[PDB]
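Colleague: Protein chains in written order, with the working numbering: chain A, 92 to 106; chain B, 3 to 15; chain C, 135 to 270. Every residue gets a Cβ at the ideal spot worked out from N, C-alpha and C, and that includes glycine. Once you've had a glance at the structure underneath, I'll fire off some questions.
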Amino acid sequence: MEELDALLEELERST
Amino acid sequence: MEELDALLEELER
Amino acid sequence: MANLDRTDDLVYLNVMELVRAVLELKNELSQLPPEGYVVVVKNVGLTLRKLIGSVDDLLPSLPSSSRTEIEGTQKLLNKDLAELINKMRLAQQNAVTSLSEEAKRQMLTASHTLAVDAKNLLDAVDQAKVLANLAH
């Protein structure tokens with residue numbers, strides 16, 4: 092799940 | 003899939 | 135810690151597509167007119183449907199007891215989409231009022247919850263694959 096966790100982190104920074 | 007598609011429809015209106 | 139091979143993991147792939155779609159909605163909600171609202175929400179809706187369909191293909195092969203939790207996360211995704219749709223409507227109706235910011239802010243929040251709950255689905259599906267992996 093490496094690539095998704097990074098997308099989930101970008102999602103956090105969007106917030 | 004049923005409820006979901008009903009939403010995808012209400013979204014088309 | 136043991137990660138799963140995601141080479142041909144279509145559920146994983148669809149979750150990613152869905153997340154990318156929310157990130158898009160998130161980054162461009164600013165440069166969009168009241169007409170562009172339905173576009174970004176639709177995109178999220180379409181990728182959600184693709185995700186759920188990929189899960190449904192999968193469900194019959196995993197043990198019958200994982201189906202409860204997994205159908206539970208699927209219904210939670212519908213409720214999240216329905217909520218994103220409500221917040222889209224409010225944003226369209228307050229397009230020229232002073233509640234415009236609060237509406238689009240609630241749109242970002244609703245889509246955010248949808249992305250996180252898509253992750254909840256993926257974990258329930260990974261957990262089912264791996265449980266069944268050491269079943270027989």
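Would you check if the distance between the CB atom of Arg140/C and the CB atom of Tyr146/C is smaller than 8 Å?
Modeller: yes
Colleague: With C-beta atoms as the reference, is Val178/C less than 8 Å away from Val156/C?
Modeller: yes
Colleague: In angstroms with no decimal places, state the Cα-to-Cα distance between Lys160/C and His270/C.
Modeller: 44 Å
Colleague: Counting only beta-carbon separations shorter than 8 Å, does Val172/C have a partner in chain B?
Modeller: yes
Colleague: Can you tell me the Cβ-Cβ gap for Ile186/C and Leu193/C, rounded? I've got them flagged as a contact below 8 Å.
Modeller: Contact doesn't hold; Cβ gap of about 10 Å is too wide.
Colleague: Start and end of the alpha helix (DSSP H) containing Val145/C?
Modeller: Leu144 to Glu162
Colleague: Within 8 Å (strictly less), CB to CB, does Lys221/C reach chain A?
Modeller: no
Colleague: Whose C-alpha, out of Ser199/C, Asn212/C, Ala252/C and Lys184/C, is nearest the C-alpha of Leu102/A?
Modeller: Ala252/C
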